[PDB]
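**Student:** I am sharing coords_20.cif, which consists of mmCIF, C-alpha atoms and all ligand atoms; chains and numbers go by the auth columns:
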data_final
loop_
_atom_site.group_PDB
_atom_site.id
_atom_site.type_symbol
_atom_site.label_atom_id
_atom_site.label_comp_id
_atom_site.label_asym_id
_atom_site.label_seq_id
_atom_site.Cartn_x
_atom_site.Cartn_y
_atom_site.Cartn_z
_atom_site.B_iso_or_equiv
_atom_site.auth_seq_id
_atom_site.auth_asym_id
ATOM 1 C CA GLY A 1 -125.240 39.897 142.122 0.00 2 A
ATOM 2 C CA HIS A 2 -125.004 36.129 141.740 0.00 3 A
ATOM 3 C CA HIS A 3 -123.863 36.604 138.148 0.00 4 A
ATOM 4 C CA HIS A 4 -120.417 37.321 139.640 0.00 5 A
ATOM 5 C CA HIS A 5 -120.315 33.539 140.223 0.00 6 A
ATOM 6 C CA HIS A 6 -117.683 31.955 138.007 0.00 7 A
ATOM 7 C CA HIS A 7 -119.980 29.342 136.561 0.00 8 A
ATOM 8 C CA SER A 8 -122.884 31.649 135.735 0.00 9 A
ATOM 9 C CA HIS A 9 -122.227 31.002 132.028 0.00 10 A
ATOM 10 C CA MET A 10 -122.695 27.271 132.434 0.00 11 A
ATOM 11 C CA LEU A 11 -126.388 27.110 133.332 0.00 12 A
ATOM 12 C CA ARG A 12 -128.441 23.984 132.464 0.00 13 A
ATOM 13 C CA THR A 13 -132.105 23.016 132.190 0.00 14 A
ATOM 14 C CA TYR A 14 -133.242 19.974 134.236 0.00 15 A
ATOM 15 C CA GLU A 15 -136.421 17.865 133.798 0.00 16 A
ATOM 16 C CA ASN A 16 -136.920 16.960 137.454 0.00 17 A
ATOM 17 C CA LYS A 17 -135.224 16.410 140.827 0.00 18 A
ATOM 18 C CA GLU A 18 -134.050 12.941 139.878 0.00 19 A
ATOM 19 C CA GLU A 19 -132.261 14.226 136.766 0.00 20 A
ATOM 20 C CA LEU A 20 -130.545 16.872 138.931 0.00 21 A
ATOM 21 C CA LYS A 21 -129.446 14.388 141.614 0.00 22 A
ATOM 22 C CA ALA A 22 -128.205 11.926 138.975 0.00 23 A
ATOM 23 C CA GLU A 23 -126.038 14.557 137.297 0.00 24 A
ATOM 24 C CA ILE A 24 -124.577 15.748 140.614 0.00 25 A
ATOM 25 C CA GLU A 25 -123.634 12.167 141.538 0.00 26 A
ATOM 26 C CA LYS A 26 -122.245 11.352 138.100 0.00 27 A
ATOM 27 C CA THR A 27 -120.065 14.465 137.859 0.00 28 A
ATOM 28 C CA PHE A 28 -118.989 14.266 141.480 0.00 29 A
ATOM 29 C CA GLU A 29 -117.833 10.661 141.046 0.00 30 A
ATOM 30 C CA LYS A 30 -115.827 11.517 137.929 0.00 31 A
ATOM 31 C CA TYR A 31 -114.211 14.500 139.661 0.00 32 A
ATOM 32 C CA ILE A 32 -113.369 12.760 142.934 0.00 33 A
ATOM 33 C CA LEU A 33 -111.953 9.667 141.206 0.00 34 A
ATOM 34 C CA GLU A 34 -109.090 11.840 139.923 0.00 35 A
ATOM 35 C CA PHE A 35 -107.778 12.339 143.434 0.00 36 A
ATOM 36 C CA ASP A 36 -107.415 8.584 144.039 0.00 37 A
ATOM 37 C CA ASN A 37 -103.743 8.522 143.094 0.00 38 A
ATOM 38 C CA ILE A 38 -102.668 11.961 144.227 0.00 39 A
ATOM 39 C CA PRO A 39 -100.491 11.472 147.342 0.00 40 A
ATOM 40 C CA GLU A 40 -100.926 13.567 150.470 0.00 41 A
ATOM 41 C CA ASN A 41 -97.291 14.703 150.161 0.00 42 A
ATOM 42 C CA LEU A 42 -98.119 16.466 146.903 0.00 43 A
ATOM 43 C CA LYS A 43 -101.444 17.981 148.055 0.00 44 A
ATOM 44 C CA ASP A 44 -99.830 21.411 148.359 0.00 45 A
ATOM 45 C CA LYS A 45 -97.639 21.127 145.252 0.00 46 A
ATOM 46 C CA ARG A 46 -98.353 23.909 142.782 0.00 47 A
ATOM 47 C CA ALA A 47 -97.986 23.350 139.021 0.00 48 A
ATOM 48 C CA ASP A 48 -97.007 26.353 136.869 0.00 49 A
ATOM 49 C CA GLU A 49 -99.952 26.564 134.496 0.00 50 A
ATOM 50 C CA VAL A 50 -102.562 25.495 137.065 0.00 51 A
ATOM 51 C CA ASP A 51 -103.869 27.982 139.628 0.00 52 A
ATOM 52 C CA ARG A 52 -104.682 25.609 142.453 0.00 53 A
ATOM 53 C CA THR A 53 -102.919 22.810 144.306 0.00 54 A
ATOM 54 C CA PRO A 54 -104.925 19.563 144.729 0.00 55 A
ATOM 55 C CA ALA A 55 -105.919 20.592 148.272 0.00 56 A
ATOM 56 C CA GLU A 56 -106.958 24.100 147.154 0.00 57 A
ATOM 57 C CA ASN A 57 -109.008 22.525 144.328 0.00 58 A
ATOM 58 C CA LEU A 58 -110.938 20.316 146.814 0.00 59 A
ATOM 59 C CA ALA A 59 -111.162 23.214 149.343 0.00 60 A
ATOM 60 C CA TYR A 60 -112.990 25.328 146.754 0.00 61 A
ATOM 61 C CA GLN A 61 -115.749 22.700 146.369 0.00 62 A
ATOM 62 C CA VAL A 62 -115.982 22.092 150.124 0.00 63 A
ATOM 63 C CA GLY A 63 -116.229 25.860 150.554 0.00 64 A
ATOM 64 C CA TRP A 64 -119.042 26.479 148.094 0.00 65 A
ATOM 65 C CA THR A 65 -121.067 23.398 148.990 0.00 66 A
ATOM 66 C CA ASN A 66 -120.784 24.316 152.672 0.00 67 A
ATOM 67 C CA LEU A 67 -122.191 27.783 151.820 0.00 68 A
ATOM 68 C CA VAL A 68 -125.172 26.473 149.780 0.00 69 A
ATOM 69 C CA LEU A 69 -126.032 24.033 152.572 0.00 70 A
ATOM 70 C CA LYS A 70 -125.746 26.840 155.163 0.00 71 A
ATOM 71 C CA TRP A 71 -128.038 29.210 153.249 0.00 72 A
ATOM 72 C CA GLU A 72 -130.784 26.603 153.176 0.00 73 A
ATOM 73 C CA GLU A 73 -130.297 25.314 156.735 0.00 74 A
ATOM 74 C CA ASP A 74 -130.307 28.877 158.083 0.00 75 A
ATOM 75 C CA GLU A 75 -133.489 29.713 156.138 0.00 76 A
ATOM 76 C CA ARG A 76 -135.114 26.448 157.329 0.00 77 A
ATOM 77 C CA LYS A 77 -134.363 27.541 160.908 0.00 78 A
ATOM 78 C CA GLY A 78 -136.032 30.883 160.271 0.00 79 A
ATOM 79 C CA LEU A 79 -132.966 33.035 159.743 0.00 80 A
ATOM 80 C CA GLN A 80 -132.266 35.893 157.335 0.00 81 A
ATOM 81 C CA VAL A 81 -129.383 34.885 155.051 0.00 82 A
ATOM 82 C CA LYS A 82 -126.486 36.915 153.720 0.00 83 A
ATOM 83 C CA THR A 83 -125.077 35.666 150.387 0.00 84 A
ATOM 84 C CA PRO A 84 -122.592 34.584 149.300 0.00 85 A
ATOM 85 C CA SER A 85 -121.284 34.606 152.890 0.00 86 A
ATOM 86 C CA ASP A 86 -121.346 36.677 156.056 0.00 87 A
ATOM 87 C CA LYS A 87 -117.822 38.019 155.411 0.00 88 A
ATOM 88 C CA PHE A 88 -117.724 38.488 151.664 0.00 89 A
ATOM 89 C CA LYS A 89 -119.988 40.075 149.057 0.00 90 A
ATOM 90 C CA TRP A 90 -120.661 38.929 145.502 0.00 91 A
ATOM 91 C CA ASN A 91 -118.047 41.335 144.171 0.00 92 A
ATOM 92 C CA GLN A 92 -115.438 39.881 146.576 0.00 93 A
ATOM 93 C CA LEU A 93 -115.254 36.276 145.360 0.00 94 A
ATOM 94 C CA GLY A 94 -111.481 36.410 144.988 0.00 95 A
ATOM 95 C CA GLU A 95 -111.223 37.109 148.728 0.00 96 A
ATOM 96 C CA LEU A 96 -113.852 34.446 149.463 0.00 97 A
ATOM 97 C CA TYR A 97 -111.732 31.890 147.549 0.00 98 A
ATOM 98 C CA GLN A 98 -108.625 32.790 149.555 0.00 99 A
ATOM 99 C CA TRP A 99 -110.784 32.357 152.677 0.00 100 A
ATOM 100 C CA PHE A 100 -111.683 28.819 151.391 0.00 101 A
ATOM 101 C CA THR A 101 -107.969 28.050 151.072 0.00 102 A
ATOM 102 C CA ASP A 102 -107.148 29.480 154.503 0.00 103 A
ATOM 103 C CA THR A 103 -110.066 27.647 156.107 0.00 104 A
ATOM 104 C CA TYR A 104 -109.842 24.278 154.386 0.00 105 A
ATOM 105 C CA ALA A 105 -106.759 23.708 152.252 0.00 106 A
ATOM 106 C CA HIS A 106 -104.515 22.783 155.160 0.00 107 A
ATOM 107 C CA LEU A 107 -106.598 19.617 155.627 0.00 108 A
ATOM 108 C CA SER A 108 -105.468 16.287 154.182 0.00 109 A
ATOM 109 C CA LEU A 109 -106.916 15.128 150.848 0.00 110 A
ATOM 110 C CA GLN A 110 -108.574 12.278 152.777 0.00 111 A
ATOM 111 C CA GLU A 111 -110.327 14.767 155.085 0.00 112 A
ATOM 112 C CA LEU A 112 -111.351 17.048 152.199 0.00 113 A
ATOM 113 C CA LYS A 113 -112.755 14.135 150.171 0.00 114 A
ATOM 114 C CA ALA A 114 -114.732 12.951 153.224 0.00 115 A
ATOM 115 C CA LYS A 115 -116.205 16.417 153.734 0.00 116 A
ATOM 116 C CA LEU A 116 -117.126 16.853 150.084 0.00 117 A
ATOM 117 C CA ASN A 117 -118.688 13.387 149.996 0.00 118 A
ATOM 118 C CA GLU A 118 -120.766 14.236 153.084 0.00 119 A
ATOM 119 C CA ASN A 119 -121.833 17.497 151.439 0.00 120 A
ATOM 120 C CA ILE A 120 -122.945 15.769 148.227 0.00 121 A
ATOM 121 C CA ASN A 121 -125.103 13.447 150.322 0.00 122 A
ATOM 122 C CA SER A 122 -126.528 16.476 152.205 0.00 123 A
ATOM 123 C CA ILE A 123 -127.286 18.313 148.951 0.00 124 A
ATOM 124 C CA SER A 124 -129.195 15.232 147.712 0.00 125 A
ATOM 125 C CA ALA A 125 -131.151 15.234 151.000 0.00 126 A
ATOM 126 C CA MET A 126 -131.867 18.962 150.452 0.00 127 A
ATOM 127 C CA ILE A 127 -133.188 18.311 146.929 0.00 128 A
ATOM 128 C CA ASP A 128 -135.422 15.512 148.259 0.00 129 A
ATOM 129 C CA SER A 129 -136.699 17.889 150.987 0.00 130 A
ATOM 130 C CA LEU A 130 -137.854 20.618 148.659 0.00 131 A
ATOM 131 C CA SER A 131 -140.957 20.298 146.484 0.00 132 A
ATOM 132 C CA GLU A 132 -140.400 20.400 142.705 0.00 133 A
ATOM 133 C CA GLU A 133 -141.855 23.956 142.923 0.00 134 A
ATOM 134 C CA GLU A 134 -139.405 25.115 145.625 0.00 135 A
ATOM 135 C CA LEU A 135 -136.518 23.806 143.563 0.00 136 A
ATOM 136 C CA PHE A 136 -137.532 24.822 140.066 0.00 137 A
ATOM 137 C CA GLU A 137 -139.739 27.897 140.328 0.00 138 A
ATOM 138 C CA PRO A 138 -138.487 31.396 141.122 0.00 139 A
ATOM 139 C CA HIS A 139 -139.081 33.247 144.374 0.00 140 A
ATOM 140 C CA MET A 140 -139.363 30.174 146.617 0.00 141 A
ATOM 141 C CA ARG A 141 -136.390 30.888 148.902 0.00 142 A
ATOM 142 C CA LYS A 142 -135.416 34.295 150.274 0.00 143 A
ATOM 143 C CA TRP A 143 -131.722 33.396 150.056 0.00 144 A
ATOM 144 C CA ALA A 144 -132.034 32.765 146.319 0.00 145 A
ATOM 145 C CA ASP A 145 -133.593 36.207 145.721 0.00 146 A
ATOM 146 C CA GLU A 146 -131.169 37.969 148.075 0.00 147 A
ATOM 147 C CA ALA A 147 -128.747 39.503 145.607 0.00 148 A
ATOM 148 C CA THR A 148 -130.776 39.839 142.431 0.00 149 A
ATOM 149 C CA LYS A 149 -129.899 42.832 140.266 0.00 150 A
ATOM 150 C CA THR A 150 -130.763 41.512 136.781 0.00 151 A
ATOM 151 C CA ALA A 151 -132.088 37.971 136.211 0.00 152 A
ATOM 152 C CA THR A 152 -133.602 35.846 138.959 0.00 153 A
ATOM 153 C CA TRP A 153 -132.191 32.382 139.660 0.00 154 A
ATOM 154 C CA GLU A 154 -134.229 29.496 141.069 0.00 155 A
ATOM 155 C CA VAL A 155 -132.742 27.295 143.833 0.00 156 A
ATOM 156 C CA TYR A 156 -131.669 24.578 141.385 0.00 157 A
ATOM 157 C CA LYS A 157 -129.423 27.028 139.503 0.00 158 A
ATOM 158 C CA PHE A 158 -127.480 27.816 142.711 0.00 159 A
ATOM 159 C CA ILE A 159 -127.082 24.074 143.334 0.00 160 A
ATOM 160 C CA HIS A 160 -126.028 23.393 139.728 0.00 161 A
ATOM 161 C CA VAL A 161 -123.357 26.092 139.473 0.00 162 A
ATOM 162 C CA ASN A 162 -121.784 24.940 142.722 0.00 163 A
ATOM 163 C CA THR A 163 -121.757 21.189 141.917 0.00 164 A
ATOM 164 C CA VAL A 164 -122.236 19.887 138.355 0.00 165 A
ATOM 165 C CA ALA A 165 -120.525 22.831 136.664 0.00 166 A
ATOM 166 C CA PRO A 166 -117.343 23.155 138.798 0.00 167 A
ATOM 167 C CA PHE A 167 -117.024 19.370 139.084 0.00 168 A
ATOM 168 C CA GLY A 168 -116.638 19.460 135.342 0.00 169 A
ATOM 169 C CA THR A 169 -114.213 22.398 135.057 0.00 170 A
ATOM 170 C CA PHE A 170 -112.102 21.550 138.089 0.00 171 A
ATOM 171 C CA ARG A 171 -111.855 17.944 136.902 0.00 172 A
ATOM 172 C CA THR A 172 -110.191 19.373 133.732 0.00 173 A
ATOM 173 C CA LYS A 173 -107.811 21.357 135.919 0.00 174 A
ATOM 174 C CA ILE A 174 -106.849 18.474 138.221 0.00 175 A
ATOM 175 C CA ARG A 175 -106.222 16.178 135.234 0.00 176 A
ATOM 176 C CA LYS A 176 -103.911 18.884 133.809 0.00 177 A
ATOM 177 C CA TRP A 177 -102.128 19.063 137.165 0.00 178 A
ATOM 178 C CA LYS A 178 -101.543 15.322 137.271 0.00 179 A
ATOM 179 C CA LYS A 179 -100.193 15.148 133.712 0.00 180 A
ATOM 180 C CA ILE A 180 -97.595 17.757 134.683 0.00 181 A
ATOM 181 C CA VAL A 181 -96.694 16.750 138.225 0.00 182 A
ATOM 182 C CA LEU A 182 -97.190 13.006 138.461 0.00 183 A
HETATM 183 BR BR BR B . -107.398 25.508 139.326 0.00 201 A
#
Translate this structure into structure tokens?
Ligand SMILES: [Br-]
**Tutor:**
Amino acid sequence: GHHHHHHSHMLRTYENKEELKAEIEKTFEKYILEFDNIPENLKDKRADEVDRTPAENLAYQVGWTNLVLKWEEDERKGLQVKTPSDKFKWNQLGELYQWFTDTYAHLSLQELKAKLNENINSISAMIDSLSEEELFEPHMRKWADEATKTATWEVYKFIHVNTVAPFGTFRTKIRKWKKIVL
């Protein structure tokens, strides 16, 4: 079911936890830097050949990182987890994305950047909290095995496709937006 994820074709091998954390921080910094000169008054400005506004772009990352953190926190607390979310299934990502916009896009860029920054720090704490086995071997978290229909994904794959991969593709999109609008 997780193959419905839009970055399922951008998987990566990692050597260890440190390599994973370093890549998340590097790609996050390059992505977030692009918003430094985007004014709040243009956060909802839509460019023609770009799907999302700057706020919707940030809202998407806040949305997904909030979900990954929730799956693990809920499991840590002994709960049974529904993925990708309680309201939407893996074949309803389009609706989940609109929910991200409705839930988060109205916030200021400053507030969205603060939330994403906090989430990157929490994801690093999560990586540090799991053994190398829990992170890199299959069948270590019930939430990661929850939707499997074809190939199994280890915890690190879920972290990677929701951080390193979109930070790269959405950085391309926000740069395109700035070239047009600014
Ligand atoms: Br976009």
**Student:** Show me which residues sit within 9 Å of ligand BR 201 (chain A) when counting only C-alpha atoms and all ligand atoms, and put them as a short mmCIF file (atom, residue, chain, number, x, y, z; two decimals) with C-alpha atoms, keeping the file's coordinate frame.
**Tutor:**
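This is the output file part_22.cif:
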data_model
loop_
_atom_site.label_atom_id
_atom_site.label_comp_id
_atom_site.auth_asym_id
_atom_site.auth_seq_id
_atom_site.Cartn_x
_atom_site.Cartn_y
_atom_site.Cartn_z
CA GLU A 50 -99.95 26.56 134.50
CA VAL A 51 -102.56 25.50 137.06
CA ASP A 52 -103.87 27.98 139.63
CA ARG A 53 -104.68 25.61 142.45
CA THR A 54 -102.92 22.81 144.31
CA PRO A 55 -104.92 19.56 144.73
CA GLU A 57 -106.96 24.10 147.15
CA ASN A 58 -109.01 22.52 144.33
CA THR A 170 -114.21 22.40 135.06
CA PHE A 171 -112.10 21.55 138.09
CA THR A 173 -110.19 19.37 133.73
CA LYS A 174 -107.81 21.36 135.92
CA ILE A 175 -106.85 18.47 138.22
CA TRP A 178 -102.13 19.06 137.16
#
**Student:** Contacts of residue A:152 at 10 Å or less, counting only C-alpha atoms, minus same-chain residues fewer than 4 places along, as a ChimeraX atom specification?
**Tutor:** /A:2-4,146
**Student:** In Å, rounded to a single decimal, give me how far atom CA of residue A:49 is from atom CA of residue A:107.
**Tutor:**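 Result for atom CA of residue A:107 versus atom CA of residue A:49: 20.1 Å, one decimal.
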**Student:** Which value, in Å to one decimal, gives the distance between atom CA of residue A:176 and atom CA of residue A:24?
**Tutor:**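 Separation between atom CA of residue A:176 and atom CA of residue A:24: 20.0 Å.
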**Student:** How many Å lie between atom CA of residue A:11 and atom CA of residue A:95, rounded to one decimal?
**Tutor:**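 Atom CA of residue A:11 sits 19.2 Å away from atom CA of residue A:95.
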**Student:** Pick from A:60, A:115, A:33, A:21: nearest to residue A:172, with all atoms listed in the file counted?
**Tutor:** A:33
**Student:** Given the file shown, determine the residues that the PyMOL selection byres (((chain A and resi 37) around 12) and not hetatm) selects; report them as a short mmCIF file (atom, residue, chain, number, x, y, z; two decimals) with C-alpha atoms, in the coordinates of the input.
**Tutor:**
data_model
loop_
_atom_site.label_atom_id
_atom_site.label_comp_id
_atom_site.auth_asym_id
_atom_site.auth_seq_id
_atom_site.Cartn_x
_atom_site.Cartn_y
_atom_site.Cartn_z
CA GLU A 30 -117.83 10.66 141.05
CA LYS A 31 -115.83 11.52 137.93
CA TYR A 32 -114.21 14.50 139.66
CA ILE A 33 -113.37 12.76 142.93
CA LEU A 34 -111.95 9.67 141.21
CA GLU A 35 -109.09 11.84 139.92
CA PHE A 36 -107.78 12.34 143.43
CA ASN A 38 -103.74 8.52 143.09
CA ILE A 39 -102.67 11.96 144.23
CA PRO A 40 -100.49 11.47 147.34
CA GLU A 41 -100.93 13.57 150.47
CA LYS A 44 -101.44 17.98 148.06
CA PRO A 55 -104.92 19.56 144.73
CA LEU A 110 -106.92 15.13 150.85
CA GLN A 111 -108.57 12.28 152.78
CA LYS A 114 -112.76 14.14 150.17
CA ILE A 175 -106.85 18.47 138.22
CA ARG A 176 -106.22 16.18 135.23
CA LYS A 179 -101.54 15.32 137.27
#
**Student:** Please list as a ChimeraX atom specification every residue within 10 Å of residue A:125, counting only C-alpha atoms and excluding residues in the same chain fewer than 3 positions away.
**Tutor:** /A:18-19,21-23,25-26,120-122,128-130
**Student:** Choose the residue, out of A:43, A:56, A:148, A:124, that has the smallest atom-to-atom separation from residue A:102; count all atoms listed in the file.
**Tutor:**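 Of the candidates, the smallest distance to residue A:102 is held by A:56.
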**Student:** Could you give me, as a list in words, the residues that have an atom at most 12 Å away from the point (-137.4, 19.0, 153.2) in the coordinates of the file, using all atoms listed in the file?
**Tutor:**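 The requested residues, written out, are residues 73, 74, 76, 77, 78, 123, 124, 125, 126, 127, 128, 129, 130, 131, 132, 133, 135 and 136 of chain A.
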**Student:** Could you save those same residues with C-alpha atoms as a PDB file, in the coordinates of the input?
**Tutor:**
ATOM      1  CA  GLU A  73    -130.784  26.603 153.176  1.00  0.00           C
ATOM      2  CA  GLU A  74    -130.297  25.314 156.735  1.00  0.00           C
ATOM      3  CA  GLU A  76    -133.489  29.713 156.138  1.00  0.00           C
ATOM      4  CA  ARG A  77    -135.114  26.448 157.329  1.00  0.00           C
ATOM      5  CA  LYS A  78    -134.363  27.541 160.908  1.00  0.00           C
ATOM      6  CA  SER A 123    -126.528  16.476 152.205  1.00  0.00           C
ATOM      7  CA  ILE A 124    -127.286  18.313 148.951  1.00  0.00           C
ATOM      8  CA  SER A 125    -129.195  15.232 147.712  1.00  0.00           C
ATOM      9  CA  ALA A 126    -131.151  15.234 151.000  1.00  0.00           C
ATOM     10  CA  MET A 127    -131.867  18.962 150.452  1.00  0.00           C
ATOM     11  CA  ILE A 128    -133.188  18.311 146.929  1.00  0.00           C
ATOM     12  CA  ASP A 129    -135.422  15.512 148.259  1.00  0.00           C
ATOM     13  CA  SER A 130    -136.699  17.889 150.987  1.00  0.00           C
ATOM     14  CA  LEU A 131    -137.854  20.618 148.659  1.00  0.00           C
ATOM     15  CA  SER A 132    -140.957  20.298 146.484  1.00  0.00           C
ATOM     16  CA  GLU A 133    -140.400  20.400 142.705  1.00  0.00           C
ATOM     17  CA  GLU A 135    -139.405  25.115 145.625  1.00  0.00           C
ATOM     18  CA  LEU A 136    -136.518  23.806 143.563  1.00  0.00           C
TER      19      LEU A 136
END
**Student:** Provide an axis-aligned box for all listed atoms of stretch 7-16 of chain A, padding each side by 5 Å; report its centre and its edge lengths in Å to one decimal, as AutoDock Vina command-line options.
**Tutor:**
--center_x -127.1 --center_y 24.9 --center_z 135.0 --size_x 28.7 --size_y 24.1 --size_z 16.0
**Student:** Run through the PyMOL selection byres (((chain A and resi 68) around 12) and not hetatm) on the given coordinates and return the selected residues as number ranges by chain.
**Tutor:** A: 61-67, 69-75, 82-89, 97, 101, 120, 124, 144, 159-160, 163-164
**Student:** Name the closest residue to residue A:46 among the candidates A:80, A:182, A:108, A:166; distances are taken between atoms, counting only C-alpha atoms.
**Tutor:** A:182
**Student:** Counting all atoms listed in the file, which residue out of A:140, A:81, A:13, A:118 sits closest to residue A:158?
**Tutor:**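 Using all atoms listed in the file, the shortest distance to residue A:158 belongs to A:13.
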**Student:** Of the candidates A:42, A:15, A:28, A:20, which shows the shortest atom-to-atom distance to residue A:165, using all atoms listed in the file?
**Tutor:**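 Selected residue with least distance to residue A:165: A:28.
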